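A short write-up of the structure that comes next.
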Amino acid sequence: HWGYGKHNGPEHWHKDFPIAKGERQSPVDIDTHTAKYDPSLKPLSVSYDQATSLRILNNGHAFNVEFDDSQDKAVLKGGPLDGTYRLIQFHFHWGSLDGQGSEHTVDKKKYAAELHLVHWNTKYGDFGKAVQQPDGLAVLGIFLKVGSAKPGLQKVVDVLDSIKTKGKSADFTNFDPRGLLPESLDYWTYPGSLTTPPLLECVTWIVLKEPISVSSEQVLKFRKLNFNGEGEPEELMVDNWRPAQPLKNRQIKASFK
Ligand SMILES: NS(=O)(=O)c1ccc(NC(=O)c2ccc([N+](=O)[O-])cc2Cl)cc1
Ligand SMILES: [Zn+2]
């Protein structure tokens, strides 16, 4: 099945998922000088005070942490969005080396990793229905650079030892994803897709300009995870990013000048 290798990786995904060559695929290179400053964009509202984290899951592609999204908690609104979008999960994409790992790039610059906070449009009732809609999801993307540690990341780093392998999960409550957010909520936004299969064109992307800093030690711990299941040959969970895709018709908007 699909993955990140030479024979099944991003260049192969179009065979099982033909939308891979569609008109609104993600990620993209963010050309900061062709992006349009839009003073009409309402500020972004990220309201995570009541986010109830539940569990962290290793799925064979990344580690997904899923939230209890059964109540009106942990919502993204404003910015380019109409209505309210509810947090369901976050995950990361990262590299084998500090010089790559991000999915979006900024004037061709690759960051060490990228965090995706995934939210579904509450007008569609749940995540599974929302992904079938053109405005179903809003993904908040945040770049990671290697420097000072991010203290709010450490609780995630420490649990990774227990989910080394595909299909392992651990209880993970009371985690404040506010600890993963940079100072500024300045952003770029554009219409796109999931960056893994099924590659559905259901996402309003909101990519923050300001990266967070994490330590080398923190990202090194991401790189100890495995793609393979327990009792299969060891293949380290690294370079789980899709490269930039063609922008095609699209415009990227900026919330700042
Ligand atoms: N990398 S990204 O664009 O943020 C992104 C990519 C893929 C997803 N996928 C999911 O959330 C997902 C999880 C489970 C299932 N399922 O039915 O088993 C389906 C999806 Cl679409 C979410 C976000
Ligand atoms: Zn992602």
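Following the order of the structure tokens, first chain is A, next is B, and so on, with residues numbered from 1 inside each chain and ligands from 1 in the order they appear.
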Surrounding residues of region 41-46 of chain A excluding itself and chain neighbours under 3 positions, 12 Å, only C-alpha atoms, as a ChimeraX atom specification:
/A:36-38,49-51,73-87,117,119,138-140,177-178,181-182,184-189,206-208,253-256
Could you please take those selected residues and save N, CA and C atoms as a short mmCIF file (atom, residue, chain, number, x, y, z; two decimals), in the first residue's frame?
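So the final result, stored in selection_24.cif, reads:
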```
data_model
loop_
_atom_site.label_atom_id
_atom_site.label_comp_id
_atom_site.auth_asym_id
_atom_site.auth_seq_id
_atom_site.Cartn_x
_atom_site.Cartn_y
_atom_site.Cartn_z
N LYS A 36 -0.83 37.55 -1.94
CA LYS A 36 -1.51 38.83 -1.82
C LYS A 36 -1.97 39.18 -0.40
N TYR A 37 -1.50 40.32 0.11
CA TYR A 37 -1.95 40.82 1.38
C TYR A 37 -3.42 41.16 1.23
N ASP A 38 -4.24 40.62 2.11
CA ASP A 38 -5.67 40.86 2.06
C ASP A 38 -6.12 41.51 3.38
N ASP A 49 -8.61 26.63 24.77
CA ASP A 49 -8.71 26.50 26.27
C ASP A 49 -9.32 25.20 26.81
N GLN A 50 -10.26 24.63 26.07
CA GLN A 50 -10.98 23.43 26.57
C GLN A 50 -10.60 22.17 25.78
N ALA A 51 -9.54 22.20 25.01
CA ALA A 51 -9.19 21.05 24.18
C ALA A 51 -8.94 19.85 25.08
N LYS A 73 -15.51 22.45 21.64
CA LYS A 73 -14.25 22.72 22.30
C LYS A 73 -13.18 22.72 21.19
N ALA A 74 -12.19 23.59 21.32
CA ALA A 74 -11.00 23.56 20.50
C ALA A 74 -11.42 23.92 19.08
N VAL A 75 -11.75 25.18 18.90
CA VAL A 75 -12.28 25.62 17.63
C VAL A 75 -11.41 26.66 16.96
N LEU A 76 -11.38 26.56 15.64
CA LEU A 76 -10.75 27.48 14.74
C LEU A 76 -11.84 28.19 13.95
N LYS A 77 -11.78 29.53 13.94
CA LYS A 77 -12.71 30.31 13.14
C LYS A 77 -12.03 31.60 12.71
N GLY A 78 -12.75 32.43 11.97
CA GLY A 78 -12.21 33.68 11.47
C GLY A 78 -11.20 33.45 10.35
N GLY A 79 -10.34 34.42 10.13
CA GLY A 79 -9.43 34.34 9.00
C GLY A 79 -10.21 34.24 7.72
N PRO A 80 -9.84 33.27 6.88
CA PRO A 80 -10.55 33.02 5.64
C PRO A 80 -11.82 32.18 5.80
N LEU A 81 -12.06 31.67 7.01
CA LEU A 81 -13.08 30.66 7.19
C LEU A 81 -14.47 31.23 7.40
N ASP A 82 -15.47 30.54 6.86
CA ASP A 82 -16.87 30.80 7.16
C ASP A 82 -17.29 29.75 8.19
N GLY A 83 -17.92 30.16 9.28
CA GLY A 83 -18.37 29.20 10.26
C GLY A 83 -17.26 28.79 11.22
N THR A 84 -17.41 27.61 11.80
CA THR A 84 -16.61 27.12 12.93
C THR A 84 -16.03 25.76 12.56
N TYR A 85 -14.76 25.55 12.89
CA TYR A 85 -14.10 24.27 12.59
C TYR A 85 -13.54 23.72 13.90
N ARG A 86 -13.72 22.44 14.13
CA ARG A 86 -13.39 21.80 15.41
C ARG A 86 -12.16 20.91 15.29
N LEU A 87 -11.24 21.01 16.24
CA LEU A 87 -10.03 20.21 16.25
C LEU A 87 -10.34 18.74 16.48
N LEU A 117 -2.49 20.85 12.55
CA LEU A 117 -3.65 20.80 13.45
C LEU A 117 -4.89 20.74 12.56
N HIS A 119 -8.80 20.33 11.61
CA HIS A 119 -10.12 20.76 12.11
C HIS A 119 -11.18 20.49 11.04
N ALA A 138 -10.14 22.55 7.81
CA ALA A 138 -9.16 23.65 7.90
C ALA A 138 -7.97 23.05 8.63
N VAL A 139 -6.80 23.10 8.00
CA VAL A 139 -5.59 22.60 8.61
C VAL A 139 -4.69 23.79 8.89
N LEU A 140 -4.33 23.92 10.16
CA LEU A 140 -3.39 24.94 10.61
C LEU A 140 -2.00 24.33 10.60
N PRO A 177 -2.59 21.81 23.34
CA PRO A 177 -1.93 22.23 22.09
C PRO A 177 -1.58 23.71 22.00
N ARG A 178 -2.04 24.56 22.94
CA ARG A 178 -1.57 25.97 22.99
C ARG A 178 -0.07 26.06 23.18
N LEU A 181 2.05 26.59 19.78
CA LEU A 181 1.78 27.75 18.93
C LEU A 181 2.79 28.90 19.04
N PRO A 182 3.23 29.46 17.93
CA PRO A 182 4.17 30.59 18.00
C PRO A 182 3.45 31.84 18.51
N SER A 184 2.99 34.86 17.00
CA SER A 184 2.21 35.48 15.97
C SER A 184 1.26 34.48 15.34
N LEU A 185 0.06 34.96 15.05
CA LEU A 185 -0.90 34.20 14.25
C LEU A 185 -0.99 34.78 12.83
N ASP A 186 0.03 35.55 12.39
CA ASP A 186 0.14 35.92 10.98
C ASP A 186 0.24 34.67 10.11
N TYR A 187 -0.45 34.69 8.97
CA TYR A 187 -0.58 33.47 8.16
C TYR A 187 -0.74 33.74 6.67
N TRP A 188 -0.46 32.67 5.90
CA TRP A 188 -0.84 32.54 4.52
C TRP A 188 -1.99 31.55 4.43
N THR A 189 -2.86 31.71 3.45
CA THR A 189 -3.95 30.78 3.24
C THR A 189 -4.20 30.53 1.79
N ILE A 206 -4.13 27.00 6.28
CA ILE A 206 -3.75 28.22 6.99
C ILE A 206 -2.36 27.91 7.54
N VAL A 207 -1.33 28.55 6.98
CA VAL A 207 0.05 28.25 7.30
C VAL A 207 0.63 29.47 8.02
N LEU A 208 1.08 29.28 9.25
CA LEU A 208 1.61 30.40 10.02
C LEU A 208 2.99 30.80 9.51
N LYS A 253 -3.14 33.93 -0.24
CA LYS A 253 -3.39 35.19 0.44
C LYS A 253 -2.58 35.27 1.72
N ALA A 254 -2.18 36.48 2.09
CA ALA A 254 -1.47 36.78 3.35
C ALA A 254 -2.34 37.66 4.23
N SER A 255 -2.26 37.38 5.52
CA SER A 255 -3.00 38.15 6.49
C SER A 255 -2.24 39.40 6.95
N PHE A 256 -1.03 39.62 6.41
CA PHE A 256 -0.07 40.63 6.91
C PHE A 256 0.68 41.18 5.68
#
```
Near-ligand residues for ligand 1, threshold 8 Å, only C-alpha atoms and all ligand atoms, as a PyMOL selection string:
chain A and resi 26+89-93+116-118+127-128+131+139+141+193-200+203
Which residues are near residue 228 (chain A)? Cut-off 10 Å, only C-alpha atoms, ignore same chain within fewer than 3 positions. Put them as a PyMOL selection string.
chain A and resi 59-61+164-167+225+231-237
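You will find atom 1 (Zn, counted along the ligand's line) of ligand 2 at 17.7 Å from CA of residue 109 (chain A).
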Which of these, A:249, A:58, A:215, A:132, has the shortest distance to residue 113 (chain A) once you count only C-alpha atoms?
A:215
Just the residues within 6 Å of region 62-67 of chain A, please, counting only C-alpha atoms, with nothing from its chain fewer than 5 positions along; format it as a CSV table (one decimal) with C-alpha atoms, in the first residue's frame.
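Output file selection-v1.csv is given in full below:
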```csv
chain,number,residue,atom,x,y,z
A,52,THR,CA,-9.5,17.6,25.6
A,53,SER,CA,-6.8,15.5,24.3
A,54,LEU,CA,-7.4,11.7,24.6
A,55,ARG,CA,-4.8,9.6,23.0
A,56,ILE,CA,-1.7,9.5,20.9
A,57,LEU,CA,-1.5,6.9,18.0
A,88,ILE,CA,-9.9,16.4,15.8
A,89,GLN,CA,-6.1,15.6,15.7
A,90,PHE,CA,-2.6,16.9,15.1
A,91,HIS,CA,0.4,15.3,13.7
```
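You will find CA of residue 2 (chain A) at 28.0 Å from CA of residue 124 (chain A).
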So, counting only C-alpha atoms and all ligand atoms, which residue among A:214, A:30, A:219, A:142 is closest to ligand 2?
A:142
For residue 143 (chain A), work out the shell of residues within 7 Å, counting only C-alpha atoms and skipping chain neighbours fewer than 3 positions away, then give it as a ChimeraX atom specification.
/A:102,111,113-115,211-212
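Contact shell of residue 11 (chain A) at 10 Å (only C-alpha atoms; same-chain neighbours under 6 positions omitted): residues 4, 5, 20, 242 and 243 of chain A.
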As a PyMOL selection string, which residues of region 21-136 of chain A does DSSP assign to helix (DSSP H, G or I)?
chain A and resi 21+122-124+127-130
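Each of A:157, A:252, A:97, A:202 was checked against residue 145 (chain A) using only C-alpha atoms; the smallest atom-to-atom distance is that of A:97.
Here CA of residue 29 (chain A) is placed at a distance of 6.5 Å from CA of residue 107 (chain A).
Proximity ranking of A:103, A:16, A:31, A:69 relative to residue 125 (chain A) places A:69 first, based on only C-alpha atoms.
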